[PDB]
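**Q** Below: one structure in structure tokens.
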Amino acid sequence: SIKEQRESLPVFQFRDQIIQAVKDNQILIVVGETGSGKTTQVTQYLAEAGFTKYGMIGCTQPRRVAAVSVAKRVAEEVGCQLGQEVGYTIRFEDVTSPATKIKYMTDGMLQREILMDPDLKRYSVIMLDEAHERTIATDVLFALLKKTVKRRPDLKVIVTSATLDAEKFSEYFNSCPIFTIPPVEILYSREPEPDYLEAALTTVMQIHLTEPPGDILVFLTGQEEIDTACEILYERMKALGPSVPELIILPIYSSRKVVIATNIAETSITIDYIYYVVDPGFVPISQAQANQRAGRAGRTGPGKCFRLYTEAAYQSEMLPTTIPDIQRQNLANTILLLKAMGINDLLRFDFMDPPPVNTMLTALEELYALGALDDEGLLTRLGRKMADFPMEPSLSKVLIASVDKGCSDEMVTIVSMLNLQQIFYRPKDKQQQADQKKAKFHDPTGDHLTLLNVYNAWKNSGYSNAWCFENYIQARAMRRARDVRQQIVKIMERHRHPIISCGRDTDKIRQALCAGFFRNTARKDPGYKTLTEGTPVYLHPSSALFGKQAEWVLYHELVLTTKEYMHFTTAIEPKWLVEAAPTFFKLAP
């Protein structure tokens, strides 16, 4: 039943108590142990209590997927169509209606939303649900909401927290109350294991045979560690014997079952029926993170956690408080927005956890080199124009540069294609066959123009799914690209940025892509080496210029599956970098 499921949750007992705490206290810290359902239920409770009469309820989630996942879930519970009373907003996916009482979104959208109205009048209550996997963009929000609260008293702010992080939050938010919302044994090693990988595998071996049935979850650091573990565990399982229950071993890089994942994956997994966790505790992690990890065993039933370090280590060489995760490109975006609110002076800024000065100086230098900031560091005309685009400052810079070069039509398509997850379906039985079809779209210049070739031919075939399948192109991905393209075209048109085509002048198109994306360039070494930092990076085999020789290249992203790899590489001329990417590479007259 919908009611029965809702009432089953631990929060429902404290449901009347939560509403009173919000009604009295302006800012409220909520500690809910995972599986309390504070994420879904609290939003409804405040809606049910009439907080949506004169405002919306907004909740920020750490990832895009989480905001979509919670919104759909809450929609079912509320019993209404997604986007109507309960909707989510994420980048280029605003699933909301005028009739939207409850809204879910990422920190970035809130930052765009707060910049437009520093008082957030459209909202009655703002809740940030990122107890774990908090960033600096989330920390910036805290300081902004602290000021917003001093000018709009009716506004309610809820801030979820981990138990270790809780008291620090309360001190920061003017000593406001900490509302709290209510089994596994943790095992340690007497001496620090010399080899964490060997220890962890032996640990997985003993637990598979010598323990009651449960599923094991292991965490590792690198891909080569994962691959080595898969081979070792296969070899030991086959040698062990046929009587022994089969061990199904699956890795994740986002009879009994073993799952092995990295930190990237740990933040995005809700797998059930696992009674055992192996915690190598070294990426070194924090006590709050270690405790969160321990809890994951306790999800389905009782169970055990195996931390591969001394207890003293837990209490000595591990800090409890979360360290906010800093993304270099996200931080540039955050700083750009802050300067668009007229907030300079990052040194005296009310940061709850001060970011390292290098991170802020690199971000400032990156924006300066893009020409978002002048010599002083004050926001320029170009910076304000870029801040109107909800994307990384490199991509927004490329769009505006293309308008100057009369090639905005091709760029909006290329920019659309960069956001895409998977573009080409590949099946191992027909892998060779798929690669042959991909080759038709290969442009000499590089992957950027190859993406332009894919979308154009898709457009030319009237956007046919049969055509997509004919060429082993993900049909869903192209549809997503068009949705993004249409939204970008509307954003450009609203600002004074027209759409002009130039008949695939590859020189103008790649020149445009050098205006931004100039700190992601590399030169061929007798693989390649990065111009900016000197880091060695390699062409991916799937690249359109992978066979070809190309002395100077430009890459959209830098993936690390095994060794540093450039994602979407395009051959460019050095001249354009001096000319179109001025400040950084003007080592000419």
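Starting from 1 in every chain, residues are counted up; chains themselves are A, B, ... following the order of the structure tokens, and ligands are numbered from 1 as listed.
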When you look at range 536-544 of chain A with a cut-off of 6 Å (counting only C-alpha atoms), what residues show up, excluding the ones that are within fewer than 4 positions of it in the same chain? I need them as a PyMOL selection string.
**A** chain A and resi 442+446-447+527-529+564-566
**Q** Tell me, as a list in words, which residues lie within 12 Å of residue 489 in chain A, counting only C-alpha atoms; anything in the same chain fewer than 4 positions away does not count.
**A**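 My reading of the contact set: residues 92, 389, 399, 400, 403, 408, 409, 410, 411, 412, 413, 415, 416, 482, 483, 484, 485, 493, 494, 495, 496, 497, 498, 499 and 500 of chain A.
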**Q** Would you pick out the contacts of residue 367 in chain A at 12 Å or less, using only C-alpha atoms, so that residues sharing its chain but fewer than 3 positions from it are not included, and give the list as a VMD selection string?
**A** chain A and resid 328 to 337 339 360 to 364 370 to 375 377 to 380 382 to 384 386 to 387 392 to 394 396 to 397 515 to 519 583 to 584
**Q** Quick one: of A:50, A:183, A:218, A:126, who's nearest to residue 146 in chain A, counting only C-alpha atoms?
**A**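 With only C-alpha atoms as the atom set, the closest residue is A:126.
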**Q** Considering only C-alpha atoms, state which residue in the set A:177, A:526, A:324, A:118 is at the smallest distance from residue 338 in chain A.
**A** A:118
**Q** Can I get the residues of range 487-517 of chain A within 9 Å of range 552-558 of chain A, each with the closest pair of atoms and their distance in Å to one decimal, using only C-alpha atoms, sorted chain first then ascending number, as CSV?
**A**
residue,atom,partner,partner_atom,distance
A:510,CA,A:554,CA,9.0
A:513,CA,A:554,CA,8.4
A:514,CA,A:554,CA,7.8
A:517,CA,A:556,CA,6.9
**Q** Assign secondary structure with DSSP using the backbone only, and return the residues of range 221-343 of chain A in strand (DSSP E) as a PyMOL selection string.
**A** chain A and resi 247-252+256-261+274-279+303-307
**Q** Just the residues within 12 Å of residue 270 in chain A, please, counting only C-alpha atoms, with nothing from its chain fewer than 5 positions along; format it as a VMD selection string.
**A** chain A and resid 34 to 35 66 69 217 265 293 295 to 300
**Q** Next, write the just-selected residues to a file, as a compact mmCIF listing (two decimals), in the first residue's frame, keeping C-alpha atoms as the atom set.
**A**
# COMPACT_ATOMS: atom_id res chain seq x y z
CA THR A 34 20.49 6.04 5.98
CA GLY A 35 17.16 4.25 5.57
CA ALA A 66 19.71 11.20 -7.34
CA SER A 69 15.46 9.11 -8.73
CA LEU A 217 31.05 -5.60 -1.12
CA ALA A 265 30.92 4.05 -7.62
CA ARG A 293 30.42 2.18 4.40
CA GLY A 295 26.18 0.73 7.46
CA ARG A 296 25.81 -0.58 3.86
CA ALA A 297 26.25 -4.11 5.30
CA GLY A 298 23.38 -3.38 7.72
CA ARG A 299 21.01 -2.49 4.85
CA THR A 300 19.22 -5.84 4.42
**Q** As a list in words, please: the residues near range 318-321 of chain A (cut-off 9 Å, only C-alpha atoms, same-chain neighbours under 5 positions excluded).
**A**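 Non-adjacent residues within range: residues 162, 164, 165, 168, 284, 285, 286, 287, 288, 289 and 313 of chain A.
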**Q** Please produce an output containing N, CA, C and O atoms for each residue in the selection, written as a short mmCIF file (atom, residue, chain, number, x, y, z; two decimals), in the first residue's frame.
**A**
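File produced: result.cif:
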data_model
loop_
_atom_site.label_atom_id
_atom_site.label_comp_id
_atom_site.auth_asym_id
_atom_site.auth_seq_id
_atom_site.Cartn_x
_atom_site.Cartn_y
_atom_site.Cartn_z
N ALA A 162 25.76 14.37 8.44
CA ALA A 162 26.22 13.14 9.11
C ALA A 162 26.33 13.43 10.61
O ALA A 162 26.38 14.61 11.01
N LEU A 164 28.84 12.87 12.63
CA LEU A 164 30.13 13.51 12.92
C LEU A 164 30.12 14.96 12.45
O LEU A 164 30.64 15.78 13.21
N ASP A 165 29.54 15.24 11.29
CA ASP A 165 29.52 16.61 10.73
C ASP A 165 28.48 17.51 11.39
O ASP A 165 28.65 18.73 11.32
N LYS A 168 29.39 20.60 13.86
CA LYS A 168 30.11 21.66 13.14
C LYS A 168 29.12 22.54 12.38
O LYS A 168 29.29 23.77 12.33
N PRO A 284 43.61 7.50 2.05
CA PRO A 284 42.95 7.49 3.39
C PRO A 284 41.54 8.09 3.35
O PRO A 284 41.34 9.10 2.68
N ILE A 285 40.61 7.48 4.05
CA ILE A 285 39.22 8.01 4.07
C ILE A 285 38.96 8.65 5.42
O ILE A 285 39.90 8.91 6.16
N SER A 286 37.71 9.00 5.68
CA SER A 286 37.31 9.65 6.94
C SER A 286 36.45 8.70 7.77
O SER A 286 36.02 7.66 7.25
N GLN A 287 36.32 9.03 9.06
CA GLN A 287 35.53 8.17 9.97
C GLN A 287 34.08 8.16 9.49
O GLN A 287 33.48 7.09 9.50
N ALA A 288 33.52 9.31 9.14
CA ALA A 288 32.13 9.43 8.67
C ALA A 288 31.92 8.55 7.43
O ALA A 288 30.90 7.85 7.34
N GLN A 289 32.90 8.56 6.52
CA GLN A 289 32.84 7.78 5.29
C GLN A 289 32.93 6.30 5.65
O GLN A 289 32.20 5.47 5.03
N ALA A 313 44.50 3.83 14.12
CA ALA A 313 44.40 4.49 12.80
C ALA A 313 43.05 5.20 12.64
O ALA A 313 42.99 6.31 12.07
#
**Q** Excluding residue 248 in chain A and any residue of its chain fewer than 6 positions from it, enumerate the residues within 7 Å of it, using only C-alpha atoms, and give them as a ChimeraX atom specification.
**A** /A:256-258
**Q** Any idea what's packed within 8 Å of residue 119 in chain A, counting only C-alpha atoms, ignoring anything in its chain fewer than 5 positions away? Could you give it as a ChimeraX atom specification?
**A** /A:114,148,151-152
**Q** Let me make sure I understand: among A:267, A:511, A:106, A:431, which one has the smallest atom-to-atom distance to residue 401 in chain A if we use only C-alpha atoms?
**A**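 Comparing A:267, A:511, A:106, A:431 against residue 401 in chain A, the winner is A:511.
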**Q** Could you jot down the CA of residue 359 in chain A to CA of residue 385 in chain A separation for me, Å, one decimal place?
**A**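 Computed distance, CA of residue 359 in chain A to CA of residue 385 in chain A, equals 23.8 Å.
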**Q** Would you please extract all alpha helix (DSSP H) residues from range 339-503 of chain A, as assigned by DSSP on the backbone, and give them as a PyMOL selection string?
**A** chain A and resi 339-340+357-370+381-387+393-404+408-419+431-438+447-460+465-470+475-494
**Q** Expressed in Å to a single decimal, how great is the separation between CA of residue 220 in chain A and CA of residue 259 in chain A?
**A**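 Separation between CA of residue 220 in chain A and CA of residue 259 in chain A: 10.6 Å.
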**Q** With distances taken over only C-alpha atoms, which of A:357, A:264, A:240, A:545 is nearest to residue 439 in chain A?
**A** A:545
**Q** Check the smallest atom-to-atom distance from each of A:249, A:187, A:27, A:18 to residue 128 in chain A using only C-alpha atoms, then report the winner.
**A**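 Looking only at the distances to residue 128 in chain A, the closest residue turns out to be A:27.
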**Q** Hey, can you check how far CA of residue 253 in chain A sits from CA of residue 325 in chain A?
**A**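 Here the two named atoms are 18.3 Å from each other.
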**Q** Between A:52, A:91, A:100, A:181, which one has atoms that come closest to residue 11 in chain A, using only C-alpha atoms?
**A**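 Between A:52, A:91, A:100, A:181, the residue approaching residue 11 in chain A most closely is A:181.
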